[PDB]
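File shown: entry22.json (JSON, C-alpha atoms (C1' of nucleotides)).
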```
[["chain", "number", "residue", "atom", "x", "y", "z"],
["A", 449, "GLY", "CA", -9.44, -128.43, 261.32],
["A", 450, "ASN", "CA", -7.25, -128.69, 264.43],
["A", 451, "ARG", "CA", -4.52, -126.34, 263.14],
["A", 452, "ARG", "CA", -4.78, -122.57, 263.15],
["A", 453, "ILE", "CA", -3.09, -119.78, 261.19],
["A", 454, "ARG", "CA", -1.60, -117.00, 263.32],
["A", 455, "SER", "CA", -0.78, -113.85, 261.34],
["A", 456, "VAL", "CA", 1.32, -110.80, 262.16],
["A", 457, "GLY", "CA", -1.44, -108.83, 263.87],
["A", 458, "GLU", "CA", -1.95, -111.62, 266.38],
["A", 459, "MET", "CA", 1.67, -111.88, 267.52],
["A", 460, "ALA", "CA", 1.91, -108.09, 267.54],
["A", 461, "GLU", "CA", -1.07, -107.92, 269.89],
["A", 462, "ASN", "CA", 0.42, -110.69, 272.03],
["A", 463, "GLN", "CA", 3.66, -108.74, 272.44],
["A", 464, "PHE", "CA", 1.66, -105.62, 273.26],
["A", 465, "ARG", "CA", -0.16, -107.58, 275.97],
["A", 466, "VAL", "CA", 3.22, -108.63, 277.36],
["A", 467, "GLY", "CA", 4.25, -104.98, 277.43],
["A", 468, "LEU", "CA", 1.08, -103.98, 279.27],
["A", 469, "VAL", "CA", 1.68, -106.76, 281.80],
["A", 470, "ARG", "CA", 5.16, -105.34, 282.34],
["A", 471, "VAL", "CA", 3.63, -101.88, 282.85],
["A", 472, "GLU", "CA", 1.05, -103.18, 285.33],
["A", 473, "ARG", "CA", 3.82, -104.90, 287.31],
["A", 474, "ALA", "CA", 5.12, -101.43, 288.20],
["A", 475, "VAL", "CA", 1.84, -99.50, 288.27],
["A", 476, "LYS", "CA", 0.51, -101.85, 290.97],
["A", 477, "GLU", "CA", 3.19, -100.61, 293.36],
["A", 478, "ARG", "CA", 3.32, -97.05, 292.00],
["A", 479, "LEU", "CA", -0.35, -96.46, 292.85],
["A", 480, "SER", "CA", -0.09, -98.17, 296.24],
["A", 481, "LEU", "CA", 2.97, -96.23, 297.45],
["A", 482, "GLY", "CA", 2.68, -92.97, 295.50],
["A", 483, "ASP", "CA", 1.14, -89.56, 296.01],
["A", 484, "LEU", "CA", -2.64, -89.15, 295.99],
["A", 485, "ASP", "CA", -3.18, -85.62, 294.66],
["A", 486, "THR", "CA", -0.20, -84.21, 292.72],
["A", 487, "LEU", "CA", 0.49, -87.46, 290.82],
["A", 488, "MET", "CA", 0.08, -86.95, 287.10],
["A", 489, "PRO", "CA", -0.33, -90.20, 285.10],
["A", 490, "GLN", "CA", 2.41, -89.24, 282.62],
["A", 491, "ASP", "CA", 5.33, -89.28, 285.06],
["A", 492, "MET", "CA", 4.43, -92.66, 286.57],
["A", 493, "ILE", "CA", 4.30, -94.70, 283.34],
["A", 494, "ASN", "CA", 7.31, -96.04, 281.44],
["A", 495, "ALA", "CA", 7.42, -96.47, 277.66],
["A", 496, "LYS", "CA", 10.68, -98.44, 277.57],
["A", 497, "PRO", "CA", 9.25, -101.95, 278.24],
["A", 498, "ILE", "CA", 6.50, -101.78, 275.59],
["B", 1, "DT", "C1'", 10.51, -158.22, 289.72],
["B", 2, "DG", "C1'", 8.09, -154.60, 287.73],
["B", 3, "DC", "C1'", 7.76, -149.74, 288.20],
["B", 4, "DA", "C1'", 8.91, -145.02, 286.95],
["B", 5, "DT", "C1'", 12.99, -142.11, 286.24],
["B", 6, "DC", "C1'", 17.14, -140.12, 284.32],
["B", 7, "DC", "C1'", 20.67, -139.88, 280.84],
["B", 8, "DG", "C1'", 23.15, -139.51, 276.22],
["B", 9, "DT", "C1'", 22.34, -139.84, 271.20],
["B", 10, "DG", "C1'", 20.96, -138.04, 266.47],
["B", 11, "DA", "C1'", 25.64, -134.62, 259.07],
["B", 12, "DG", "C1'", 27.39, -132.61, 255.46],
["B", 13, "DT", "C1'", 29.73, -128.37, 253.19],
["B", 14, "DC", "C1'", 27.66, -123.66, 252.89],
["B", 15, "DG", "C1'", 25.33, -117.15, 253.11],
["B", 16, "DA", "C1'", 23.80, -112.73, 255.71],
["B", 17, "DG", "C1'", 22.73, -110.06, 258.79],
["B", 18, "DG", "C1'", 24.05, -109.55, 263.83],
["B", 19, "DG", "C1'", 22.57, -107.02, 267.50],
["B", 20, "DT", "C1'", 18.50, -105.57, 272.38],
["B", 21, "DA", "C1'", 17.22, -104.23, 277.58],
["B", 22, "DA", "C1'", 11.81, -104.39, 283.31],
["B", 23, "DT", "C1'", 14.66, -100.87, 286.99],
["B", 24, "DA", "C1'", 17.58, -97.97, 290.59],
["B", 25, "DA", "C1'", 19.25, -91.48, 295.59],
["B", 26, "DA", "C1'", 21.41, -88.68, 296.91],
["B", 27, "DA", "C1'", 24.65, -85.52, 300.27],
["B", 28, "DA", "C1'", 29.08, -85.18, 302.77],
["B", 29, "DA", "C1'", 34.09, -86.00, 303.67],
["B", 30, "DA", "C1'", 38.12, -88.41, 302.52],
["B", 31, "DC", "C1'", 41.48, -90.09, 299.87],
["B", 32, "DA", "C1'", 43.98, -91.49, 295.61],
["B", 33, "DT", "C1'", 45.89, -90.22, 291.36],
["B", 34, "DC", "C1'", 46.83, -88.34, 286.80],
["B", 35, "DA", "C1'", 47.72, -84.26, 284.38],
["B", 36, "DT", "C1'", 50.55, -80.17, 283.26],
["B", 37, "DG", "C1'", 54.46, -77.15, 283.91],
["B", 38, "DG", "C1'", 58.94, -75.83, 285.10],
["B", 39, "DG", "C1'", 63.71, -77.15, 286.02],
["B", 40, "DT", "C1'", 68.33, -80.11, 286.12],
["B", 41, "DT", "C1'", 71.02, -84.13, 283.24],
["B", 42, "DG", "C1'", 72.43, -85.64, 279.35],
["B", 43, "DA", "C1'", 72.71, -86.93, 274.94],
["B", 44, "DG", "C1'", 73.17, -85.92, 271.35],
["B", 45, "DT", "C1'", 73.84, -83.95, 266.39],
["B", 46, "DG", "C1'", 76.72, -79.65, 264.41],
["B", 47, "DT", "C1'", 80.93, -77.25, 262.77],
["B", 48, "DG", "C1'", 84.89, -75.61, 262.39],
["B", 49, "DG", "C1'", 89.86, -76.57, 262.64],
["B", 50, "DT", "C1'", 95.62, -78.73, 261.58],
["B", 51, "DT", "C1'", 98.19, -82.15, 258.85],
["B", 52, "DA", "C1'", 98.96, -86.62, 255.90],
["B", 53, "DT", "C1'", 99.31, -85.84, 251.11],
["B", 54, "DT", "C1'", 99.85, -87.50, 245.12],
["B", 55, "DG", "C1'", 99.11, -85.82, 240.13],
["B", 56, "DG", "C1'", 100.57, -81.51, 237.44],
["B", 57, "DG", "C1'", 103.44, -77.92, 235.69],
["B", 58, "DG", "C1'", 107.13, -76.36, 235.69],
["B", 59, "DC", "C1'", 113.08, -74.78, 234.51],
["B", 60, "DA", "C1'", 117.83, -77.45, 234.13],
["B", 61, "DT", "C1'", 120.65, -80.05, 231.65],
["B", 62, "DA", "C1'", 121.23, -82.40, 228.07],
["B", 63, "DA", "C1'", 120.34, -83.83, 223.04],
["B", 64, "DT", "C1'", 119.08, -84.41, 217.00],
["B", 65, "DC", "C1'", 117.53, -82.25, 213.28],
["B", 66, "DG", "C1'", 117.54, -77.86, 209.78],
["B", 67, "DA", "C1'", 119.57, -74.01, 206.74],
["B", 68, "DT", "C1'", 125.06, -72.06, 203.94],
["B", 69, "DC", "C1'", 130.80, -70.31, 203.23],
["B", 70, "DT", "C1'", 135.68, -72.57, 203.54],
["B", 71, "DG", "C1'", 139.03, -76.96, 202.18],
["B", 72, "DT", "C1'", 140.40, -81.34, 198.72],
["B", 73, "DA", "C1'", 141.22, -84.19, 192.96]]
```
How would this structure read if it were set down as structure tokens?
Amino acid sequence: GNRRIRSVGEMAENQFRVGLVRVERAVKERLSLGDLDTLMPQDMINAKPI
DNA sequence: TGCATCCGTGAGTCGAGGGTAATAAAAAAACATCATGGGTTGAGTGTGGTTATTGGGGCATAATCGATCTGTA
């Protein structure tokens, strides 16, 4: 009753959360220092960490 | 003296894949350096050339058979 079964979906979602934390670490500065009008969301995100 | 605190320890052969990745700026000048290309050394490998021959065949100069008409009891 005190032990829990963690299956593949759970660790997959945990790793995805880590990837999104990595993304936010750069988006926090990208929004603060970047352009306000011509900035498209595509060019300011990075798919390598996830 | 009692307290927390830190520091080593803890098997053995074996196999199969075996490597993955958060990010970043451009100019200019200045200099170093290798890369190729063309030209002297030079270093070969290449190729004919005269002169030492030693078996072989040869012509001389000798030699040992093979066949028939004149001399002796």
At most 9 Å to chain B: residues in chain A, only C-alpha atoms (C1' of nucleotides), as a tab-separated table (two decimals) with C-alpha atoms, in the frame of the given file:
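out21.tsv written:
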```tsv
chain	number	residue	atom	x	y	z
A	470	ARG	CA	5.16	-105.34	282.34
A	471	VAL	CA	3.63	-101.88	282.85
A	473	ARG	CA	3.82	-104.90	287.31
A	474	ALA	CA	5.12	-101.43	288.20
A	496	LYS	CA	10.68	-98.44	277.57
A	497	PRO	CA	9.25	-101.95	278.24
```
Show me, as AutoDock Vina command-line options, the centre and edge lengths in Å to one decimal of the axis-aligned box that covers every listed atom of region 2-14 of chain B with 5 Å on each side.
```
--center_x 18.7 --center_y -139.1 --center_z 270.5 --size_x 32.0 --size_y 40.9 --size_z 45.3
```
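With CA of residue 489 (chain A) on one side and CA of residue 469 (chain A) on the other, the separation reads 17.0 Å.
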Separating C1' of residue 20 (chain B) from CA of residue 467 (chain A), to the nearest tenth of an Å, is a gap of 15.1 Å
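Interatomic distance, CA of residue 466 (chain A) to CA of residue 487 (chain A): 25.2 Å.
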